[PDB]
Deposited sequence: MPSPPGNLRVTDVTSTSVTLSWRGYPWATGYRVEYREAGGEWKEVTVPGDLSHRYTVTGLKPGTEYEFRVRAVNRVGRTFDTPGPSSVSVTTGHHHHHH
C-alpha cells in the first residue's frame, strides 16, 4: 500500500511498494523519496505511480 514516515512542518516522506496537491525519481531501487520545503499547517493529497494519502503539516514554529 502507501506509507508515510517523516511528517515535519517543512516535509513529508513517502514509500511505495518514479514520479502532490494542497517530481521524478528514476529508480532504480529508490523505494522512497522525500518532498522538501512545503507550507506548514496545510492539508494535502499524495499519490504515487491509485492510491492516495492525505496529509496535514504542523503549525507553528519559531516562534510565538
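Peer 1: Enumerate the deposited-sequence segments absent from the coordinates, judged by C-alpha atoms, in order of position.
Peer 2: No coordinates exist for the deposited residues in 1-6, 24-30, 33-34, 38-44, 72-84, so these stretches are absent from the model.
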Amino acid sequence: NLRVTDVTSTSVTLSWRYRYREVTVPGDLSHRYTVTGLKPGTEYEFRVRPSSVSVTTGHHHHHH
From here on, numbers count along this sequence of modelled residues.
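Peer 1: Which has the highest CA B-factor per the PDB entry: 54, 11, 42, 15?
Peer 2: Highest C-alpha B-factor among the listed options: 54.
Peer 1: Within this chain, which third does the Cα B-factor at residue 4 fall in: lowest, middle or highest?
Peer 2: Middle third by C-alpha B-factor.
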